[PDB]
Number of protein chains: 4
Amino acid sequence: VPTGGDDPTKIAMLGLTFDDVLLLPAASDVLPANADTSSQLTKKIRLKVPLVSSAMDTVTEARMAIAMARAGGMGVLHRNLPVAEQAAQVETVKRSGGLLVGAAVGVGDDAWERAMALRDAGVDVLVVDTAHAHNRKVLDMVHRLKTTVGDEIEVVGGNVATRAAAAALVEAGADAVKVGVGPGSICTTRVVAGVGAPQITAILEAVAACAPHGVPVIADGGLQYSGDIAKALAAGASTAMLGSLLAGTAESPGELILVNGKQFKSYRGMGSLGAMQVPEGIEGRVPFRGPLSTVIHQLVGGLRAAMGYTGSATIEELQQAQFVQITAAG
Amino acid sequence: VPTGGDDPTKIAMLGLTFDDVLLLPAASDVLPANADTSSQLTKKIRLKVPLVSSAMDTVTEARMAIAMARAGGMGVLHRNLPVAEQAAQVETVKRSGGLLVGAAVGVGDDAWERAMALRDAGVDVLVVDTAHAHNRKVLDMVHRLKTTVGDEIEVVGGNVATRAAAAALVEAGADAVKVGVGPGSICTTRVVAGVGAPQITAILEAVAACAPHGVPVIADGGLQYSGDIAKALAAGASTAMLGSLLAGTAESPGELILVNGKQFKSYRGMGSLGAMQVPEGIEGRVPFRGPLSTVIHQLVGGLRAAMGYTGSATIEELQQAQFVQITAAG
Amino acid sequence: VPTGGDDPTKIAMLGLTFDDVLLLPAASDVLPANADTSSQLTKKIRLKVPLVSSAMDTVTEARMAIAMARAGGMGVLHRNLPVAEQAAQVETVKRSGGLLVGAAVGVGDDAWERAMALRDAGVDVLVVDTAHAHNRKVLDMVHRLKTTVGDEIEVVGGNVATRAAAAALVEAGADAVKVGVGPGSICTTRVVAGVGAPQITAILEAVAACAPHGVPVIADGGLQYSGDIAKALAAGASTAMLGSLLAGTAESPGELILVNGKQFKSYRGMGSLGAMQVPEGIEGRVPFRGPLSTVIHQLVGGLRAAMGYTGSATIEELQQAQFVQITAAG
Amino acid sequence: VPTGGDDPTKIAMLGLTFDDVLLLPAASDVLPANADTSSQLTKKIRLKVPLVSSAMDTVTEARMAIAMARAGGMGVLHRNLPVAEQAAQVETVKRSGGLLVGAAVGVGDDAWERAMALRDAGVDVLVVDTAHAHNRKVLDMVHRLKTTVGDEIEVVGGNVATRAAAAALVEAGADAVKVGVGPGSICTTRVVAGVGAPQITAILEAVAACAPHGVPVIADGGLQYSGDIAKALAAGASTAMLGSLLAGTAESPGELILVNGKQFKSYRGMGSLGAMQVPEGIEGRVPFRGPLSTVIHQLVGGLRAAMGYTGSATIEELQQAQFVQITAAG
Ligand SMILES: COc1ccc(CC(=O)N2CCN(S(=O)(=O)c3cccc4cnccc34)CC2)c(OC)c1
Ligand SMILES: COc1ccc(CC(=O)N2CCN(S(=O)(=O)c3cccc4cnccc34)CC2)c(OC)c1
Ligand SMILES: COc1ccc(CC(=O)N2CCN(S(=O)(=O)c3cccc4cnccc34)CC2)c(OC)c1
Ligand SMILES: COc1ccc(CC(=O)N2CCN(S(=O)(=O)c3cccc4cnccc34)CC2)c(OC)c1
Ligand SMILES: O=c1[nH]cnc2c1ncn2[C@@H]1O[C@H](COP(=O)(O)O)[C@@H](O)[C@H]1O
Ligand SMILES: O=c1[nH]cnc2c1ncn2[C@@H]1O[C@H](COP(=O)(O)O)[C@@H](O)[C@H]1O
Ligand SMILES: O=c1[nH]cnc2c1ncn2[C@@H]1O[C@H](COP(=O)(O)O)[C@@H](O)[C@H]1O
Ligand SMILES: O=c1[nH]cnc2c1ncn2[C@@H]1O[C@H](COP(=O)(O)O)[C@@H](O)[C@H]1O
C-alpha cells in the first residue's frame, strides 16, 4: 500500500470538502428566476426554500424560526434551555400563523419528556440532535418517536458521516438523515478527537444509503458561501442546515458586538465551554449581516444561479449535476 | 468510488488551472525575436498578436480598441451603454484607419437591433457575450447572426467551459468559441453559484470539440501573467482575452486612483453591483501599468520567450507543446 | 515513471502526516467516559494512560517523571547530564512511591556505565535513545541490554521510520520500538539533511513489522493536538511520546518567560546548539500551559472522545479504526 | 483523459521539486564524519566537496572562485564583463596555487574568442552557459570546444530539463550536463514565459540519459537548504551549483546592505534588467551569511548527516538512495 502498511482498507477513502469541487455548467434552458427551489426536508414535508437554521443558541430561537418559515425554510429550535421554555417557543412560532417549526431533542434522561412537551406544543419536526447517531441509544430514540408520534410528527436523525450510519438511521425509521461530523465552522472535533469526514464525500456516501429508500439528506455544517449550498444539493442532499451563515442576522439570538469599528455577533458551538456551562467547539464572532430575509435572498440567489448554469429546473434535477475536482491552485 | 458514492461520473474530471502546469522546454532552433506570433481570432480573421481586450466597461472603449488594433490585436467594445453610443465607438475606431474592431451583444430584447446598428457602423466581429452559451437562445442568436450577416461579419460565441457546449456553438455556426466560466480575476461565480471549470482543462476540452472543425478557441479569463498566455495557447487556444492585465493601462476607461502613495485604476466585473446599476463579480483596483503599447510588448515578449523554449516557430506549433503538472510546493 | 526516471522504486511511497488524515466515525456503544485508555508501553509494561514524556532537558526531569507516572503515564528522563545526576533523578522518582520511570541512554563510550547506574538506581525502562536505530552499534546495545538486564528491565529502541528498521530492532530483542525520524516540532533534520518520513506512514510501516511479533510501537514526534494522539494509536501505535505538548507545563524544567505580555517556556531540541553545548534542532518557546495534570486531562479527554466516535472500547480496538485521507482544502 | 482532452501525452509528467520529497533513512554504518563527500564535477574532474558556485555577477568572481576551490569545490566565473577581464580573473585564481577554476561562455559572436582567451589563461572547465541547451548552436559550440581543446579542458553544457535535451548534450560530447530550467530563486521564467520543470523530476530525467554514458549531472538552481543538496545528489546528480546559498557570503561580489537593522547583500539574476544593462530574473537581496568557509561547512555538514541517515559511504552510494513523496501538510 503506497501510503503505508499492507491493508488497502486502512485509509478507506479520499474525502472531499466543498472547496475541493465546482459544479460543471451544463446545457440549460432554465432561467435562475424561474428555477423551482422547493425540496424535501423530510419524507412528507417539502419546503419552498431548501434551508433550515441550526439548532444552536446563537442561531435559532422563536424569532429566527418565525423568519425562516416566512422565508420558505424552517428553524430548528435549540435545546439548551428548560423543556417548558423550548415548548413555549414552539407555541410562539405556531401563534404566528401556519408556520412550520422543528425542535431538537437529545437522547438523555429528559429527552423523551422534552419530545412529548414539544409534541403537545404542536411541533412539526423533532430532530434527534447528536454528534454521533450510529449508536443504539440514538437509533432507539428515533424508532420510538417514529412509532409513537410518527403519524403527526416527522423525525429527523443525525448526525452521521458514513454510509453505514445513514443506513442504520433509515432502518430505525428516520424521516430524514442529517449529515455532518466535524465540518462546522466552530467545530474543533477534528483537532480535539482527530475525527471527521469531509462533507462532499460524507454527503455522497449518506445519499447512497438514503436515496434508494426515499429518505432525504440534510447537509449540516461547513457551508461558508451560497455556492456551497448548490454543491451540497448537487452531491445529493435535499436541504442544507446553516449555522454561521445565519448567526450574523438580526433575528439570531444575542447582542450586537462592536470591535475595531466593525459590527459582529457572537456565534458559539453547542460543544463550547460557554454553551456547556473537554470542549469540541469554540466561542467566536461572525460579521453582522442584517435582516434574515435579505441573507436568505442572497443565498437563494446563488442557488438559483447554480440551477441556471447546470440546467436544473428543480432541486431533484440539481441532485444529478456533475462536479469537477480542483487543485489547491484553483 | 474513492471520493464517495458509487457513481464514477459524479466527479467528471480533475480540473487544472494555469498555475497547475508549466510548459516543458523542447528542441528549438527558434529565436524569440523571430517567432511568428500571428494567430486566428476567427475562422477568417488572423491577428498579428494573439490578444484581444475584454468587453468590459473598465477595459475596452474606443481608445483601447484603437490601441489594441494598432498593437496587432483587437478590442471588443463593451455593451454596457446605449446602442447608439456603442455604434458610435465602432465608427470612432474605423475612422482611425483600417483597424479591426469587435463589439459585444447579448441575447436580450434589444440585442438584435444592437447587432444591426453595429453592422451598420462597420464592425468586423460580433461577440455574442454571455456567461453560459449552452442555451437555445444563445445558440439561436449565433446562428441567426451567421446566416444574416455572416458573409461580412465574423460571429464569436461564448462563454463555455465544456466540450459539449463548445460543440453546440460550432454546430450553431460560430466562427470562434470563447472559453471561460468562472476564472475571471474579478469573478465570484465560483463562490456565489459554486460553478466553474479550471481554465487549462476547460480549454483542452473546448479545443477537442473545436479544432477538428477548424474553429478557433479564445481563452477568456484567469490570465494573470504573460506566461499564462503561452500556457493557454499551448493548451490549444488560438487567442487570449485579457481583462485585468489590460485594465491598469492608460487606454482603459476610468480615472487614476491614488491610495497609500501608489497608483491604481478601477477594475470591475460586468456582474458587479456597480456595473449592473445577486452579483457575480466584484468592484476592485489594479495597479496602474502605463501605456498599452508597453504592456503588450512585455506580454508578447513573454510569449516569444515561450516559443523560444518550446521550439515553436508559429502559434500553431505552440498549440502542440507539452506540459508538466506541478504540485503546490512547486 | 510519471514523476521521472525509469525506476518505480526511486520514490518508494507517498508519506502521510497527521494532518493528512481523519478518523472515520463508526458504530459505537462506547461512552468516552467509559473507554479503557490503558495500553502497552512495552511487551510487559501496561500504562493507564498511553502517554510518555520526551527524553529532553526542557521536558522531563524528576518532577515531570513523577507527575507523568501519577497521571497514569511515564516519563523518560533525559541524558544530557552526568550519569550520577540522572541516576539520582531515578532515585528521586522511585522515592515518591511505586512509580514507573524510564531513562534514556546513548550508544557512546559512557552509555553502558550509564545504563548500569540506572539499573542500580531502580529504573524500569531503558530507552536506547538515538536518531537512527538502523545501525549495528544501536542494535548491539539493545541486544546486550536485553540479554544482561532484560529480566528486570524493559528495553526500548529507537528511533526508526521504516519497516526494515523496525524489523531489525525486533530481531535485536527490543521490548518496544520508537518511531519518528524528522517529525519533531523543533526538528530541522528535514531541512538540514533532507531526511524524514511523515509520521502516519512511518507508524503504519513500523507496526507492520512490530505487531506480528507482539512488540508495541511508541509514536514519537509531530503530535500537535490531542487528536493526533488518537490518530497515532489508530495507525497502530500503542503509546505516544510528547515533547512540545508537555514542554509548556509547570512540571517541565525551565523558567517562565514573558514576551509581549504572554507567558512561555523554553523548548529546545536535543540537537540544537544550546543543548549540544551542525545542529538538527532549534531552540524555541511554547505557550505556558499550567499543571501537567490538567494538560493530560485534556489530552486524554480528546482520546476518549475519539474512542467514543470510533466505537473503540480499548486501545487495541482503536488500533483497528479506519482513516479518511483529506486534501489541503479540508 | 481525466485532466482534459483526449491526448494522454499532453500533460507529459508530474513534476516534483525538492520540497515534494524527503530522503528515507536506511541501514547505516556510516558516521557523517567519515562519509566521503567527493564526487565527479566532469568525466575527468573529481571535487572533494560536490559544490560549485553559480556563474553570476553577484556570486562568483576571483575571490569566490579561490575560496570555493580552497574549500574543495569550484567556482564558475561569470561572463558579464569583457573577455580580457574574465581571463585575468582566471589568471588571478591560478596564481593562488594549484586551484581548479571554471568559466562561463555563451554561444554568441564573441564566445569562441572568449573561450580561447580563457584556455590561454589556464582555465580547467569551460561552461557553455545558456538557458536552453537543446539547440543546434549550443550543441555545436559544445562539440567544437570538445574537439578543439577537449584534451586539456573539460566542457560542461547546459542548461536542460528533459531527458532528450540531456541526451543531445551527451551526444555532442559534453563532459557534464547542467540541469535547471526555471528553478532559480531569482528566476521569473516560470511566470514570464510559463516555462519550467520541477527540479527533482528534471534531475531524474537528465540522469536517465546521462548516467548510462558516464556523464555527470550538475543540479543548478532551486537549492534553498543544505538538505536540498542531499536530495539533488540522491536524485542522481553528481554536484550541485549554488547561487542564492552563496550570494550572502563575504567572498561574493558586492557591498553590504543595511535595511531595517539587518544585513543583506544584493543578489540578482543574469536575466534581470540590471544585469542585462523582457527580463527573466529579478534583482533581490539575501541575508549576509559571513565567510564562505563557514557556509560550506554547514552545507557539507547537512550532506554528511544525510549520508549518515541513508547509509551512503560515498556520493555514488547516495545516488542510489530512495525518496518518500510528501503532501502539502507535511
Ligand atoms: C458513542 O457515544 C458517544 C459518541 C459521541 C459523543 C460526543 C457528544 O455527544 N458530544 C456532544 C455534542 N458535541 S457538539 O456540540 O460539539 C456537536 C453537535 C452537533 C453536531 C456535531 C457534529 N460534529 C461534531 C460535534 C457536533 C460533541 C460532543 C458522546 O458524548 C457523550 C458519546
Ligand atoms: C441558462 O440561463 C442563464 C444562465 C446563466 C445566467 C447568468 C448570466 O447571464 N449572468 C450575466 C453575466 N454574468 S457576468 O457578468 O458575471 C460574466 C460575464 C462574462 C463571462 C462570465 C464568465 N463566468 C461567470 C460570469 C461571467 C453572470 C450572470 C443567466 O442569467 C439570466 C441565465
Ligand atoms: C549512522 O550513523 C549516524 C546516524 C545518525 C546520526 C545523527 C545523530 O546521532 N544525531 C544526534 C541526535 N539528533 S537529534 O537530537 O536532533 C534527535 C533526537 C531524537 C530523535 C530524532 C529524530 N529525528 C531527528 C533527530 C532526532 C540528530 C543527530 C549520527 O550522528 C553521529 C550517526
Ligand atoms: C532557442 O533559442 C533561445 C532559447 C532561449 C533563450 C533565452 C535566453 O537565452 N535567455 C538568456 C538567459 N536567461 S537567464 O539569465 O534568465 C538564465 C540563465 C541561466 C539559466 C537559466 C535557467 N532558466 C531560466 C533562465 C536562465 C534567460 C533568457 C533565447 O534567447 C536568445 C533563445
Ligand atoms: O460545538 C460544536 N462543535 C462541533 N459542531 C457543532 C457544534 N455546535 C453545533 N455544531 C454543528 O455545526 C453546525 C453549524 O455549522 P456551520 O454552519 O459551519 O457553522 C451545526 O448545525 C452543528 O451540526
Ligand atoms: O462580473 C463578472 N463576473 C465573472 N466574470 C466576468 C465578469 N465580468 C467579466 N467577466 C469575464 O472575466 C474576463 C476577464 O478576466 P480577467 O482577465 O481574469 O480579469 C472577462 O473577459 C469576462 O469573460
Ligand atoms: O533536536 C532535535 N532535532 C530533531 N528531533 C528531536 C530533537 N530533540 C528531540 N527530538 C525528537 O522530537 C520529539 C518531540 O517532538 P515534538 O513532540 O513534536 O516536539 C522528541 O521525543 C525526539 O524524538
Ligand atoms: O536571471 C535569471 N533568471 C533565471 N535563472 C537564472 C538567472 N540567473 C541565473 N540563473 C540560474 O539560477 C541559478 C541559481 O539559482 P539559485 O541557487 O536558486 O539562486 C543559477 O546557477 C542559473 O542557472
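Heavy atoms only: backbone and side chains are in, while hydrogens, waters and symmetry mates are out. To find a chain, count down the sequence lines: A is the first, B the second, and so on, and within it residues start at 1. When a ligand or atom number is given, it counts from 1 through the structure's own listing order.
Here is the list of ligand 5 atoms found below 4.0 Å of a heavy atom in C187(A): 3 (N), 4 (C), 5 (N). Here is the list of ligand 7 atoms found below 4.0 Å of a heavy atom in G184(C): 12 (O), 15 (O), 18 (O). Of all atoms in ligand 4, numbered sequentially from 1 with element shown, those under 4.0 Å from a heavy atom of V181(D) are 23 (N). When each atom of ligand 4 is checked for a heavy atom of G308(B) under 4.0 Å away, the hits are 1 (C). The atoms of ligand 7 that sit less than 4.0 Å from any heavy atom of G221(C) are 15 (O), 18 (O). Atoms of ligand 4 lying under 4.0 Å from any heavy atom of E280(D), numbered from 1 in the order shown and given with element: 16 (O), 27 (C), 28 (C). Less than 4.0 angstrom separates some heavy atom of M270(D) from each of these atoms of ligand 4: 15 (O). In the vicinity of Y309(B), heavy-atom distances shorter than 4.0 Å reach the ligand 4 atoms 7 (C), 24 (C), 25 (C), 27 (C), 28 (C). Within ligand 4, the atoms closer than 4.0 Å to a non-hydrogen atom of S28(B) are 1 (C), numbered from 1 in the order shown. Each of the atoms 1 (O), 2 (C), 7 (C), 8 (N) of ligand 5 lies under 4.0 Å from some heavy atom of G269(A). Close approach to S244(A) involves these atoms of ligand 5, each under 4.0 Å from a residue heavy atom: 16 (P), 17 (O), 19 (O).
Below 3.5 Å of separation, one finds an N or O of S54(C) facing an N or O of ligand 7. Of the polar atoms of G271(C), at least one N or O is found under 3.5 Å from an N or O of ligand 7, judged by distance alone. Where the criterion is an N or O separation shorter than 3.5 Å, residue side chain and backbone included, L245(C) fails it with respect to ligand 7. Annotation: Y267(A) places an N or O atom under 3.5 Å from an N or O atom of ligand 5; distance criterion only. Annotation: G243(A) places an N or O atom under 3.5 Å from an N or O atom of ligand 5; distance criterion only. Between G271(D) and ligand 4, a contact under 3.5 Å exists for at least one N or O pair. Considering backbone and side-chain atoms together, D220(C) places an N or O closer than 3.5 Å to an N or O of ligand 7. The shortest N or O to N or O distance between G222(C) and ligand 7 is under 3.5 Å. Not one N or O of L242(A) is nearer than 3.5 Å to an N or O of ligand 5, by distance alone. Polar contact check, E280(C) against ligand 7: a nitrogen or oxygen pair lies under 3.5 Å apart. Residue contacts with ligand 5: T188(A) is placed with no nitrogen or oxygen under 3.5 Å of a nitrogen or oxygen of the ligand (distance criterion only). By the 3.5 Å distance cut-off applied to N or O atoms, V30(B) is counted among the residues near ligand 4.
Between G182(D) and ligand 4 there is a heavy-atom distance shorter than 4.0 Å. Ligand 4 has at least one atom lying under 4.0 Å from a heavy atom of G180(D).
Here the closest heavy-atom approach between residue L23(B) and residue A230(B) is recorded as CD1-CB, 3.7 Å. The two residues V160(D) and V177(D) come nearest to each other via the heavy atoms CG2-CG1, 3.6 Å. Considering every non-hydrogen atom in both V181(D) and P25(B), the closest pair reads CG1-CG, 3.8 Å.
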- Message: The test is side-chain contact (heavy atoms from CB on, under 4.5 Å); show your working for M141(D) and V105(D) and say whether it passes.
- Response: CA-CA 10 Å; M141(D) 174 66 156; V105(D) 304; 3.9 Å; yes
- Task: Evaluate the side-chain contact (heavy atoms from CB on, under 4.5 Å) criterion for residues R268(D) and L273(D): first the C-alpha distance (whole Å), next the side-chain angles of each, then the deciding distance (0.1 Å), finally the verdict.
- Result: CA-CA 9 Å; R268(D) 70 178 187 183; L273(D) 253 177; over 6 Å; no
- Task: Check the pair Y267(D) / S185(D) against side-chain contact (heavy atoms from CB on, under 4.5 Å), numbers first and verdict last.
- Result: CA-CA 10 Å; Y267(D) 176 50; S185(D) 64; 3.4 Å; yes
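Residues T189(C) and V195(C) form a side-chain contact, since some pair of their non-hydrogen atoms from C-beta on lies under 4.5 Å apart. Contact check for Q199(C) versus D228(C): no side-chain heavy atoms found under the 4.5 Å cut-off. Residues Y225(C) and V192(A) form no side-chain contact, since every pair of their non-hydrogen atoms from C-beta on lies 4.5 Å or further apart. In this structure the side chain of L245(C) never reaches within 4.5 angstrom of the side chain of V295(C), judged on heavy atoms. For the pair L299(C)/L242(C), a side-chain contact is recorded, criterion being any heavy-atom separation below 4.5 Å from C-beta on. Counting only heavy atoms from C-beta outward, the side chains of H78(D) and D129(D) never approach each other to under 4.5 Å. For the pair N135(D)/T130(D), no side-chain contact is recorded, criterion being any heavy-atom separation below 4.5 Å from C-beta on. In this structure the side chain of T58(A) never reaches within 4.5 angstrom of the side chain of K265(A), judged on heavy atoms.
One N or O on the side chain of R304(B) and one on the backbone of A35(B) form a donor-acceptor pair closer than 3.5 Å. Using a distance-only test at 3.5 Å, with no hydrogens or angles considered, no donor-acceptor pair links the side chain of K231(C) to the main chain of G194(A). With hydrogens and angles ignored, the 3.5 Å screen pairs no side-chain donor or acceptor of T239(C) with any backbone N or O of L51(C).
Contact annotation for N159(A) and ligand 5: only side-chain heavy atoms (C-beta onward) come within less than 4.0 Å of the ligand. Contacts between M56(C) and ligand 7 below 4.0 angstrom, taking non-hydrogen atoms only, involve the side chain exclusively. Contacts between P32(B) and ligand 4, counted as non-hydrogen atom pairs separated by less than 4.0 Å, involve the side chain only.
Across the listed options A131(D), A197(D), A26(B), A131(D) owns the non-hydrogen atom lying nearest to atom 21 (C) of ligand 4.
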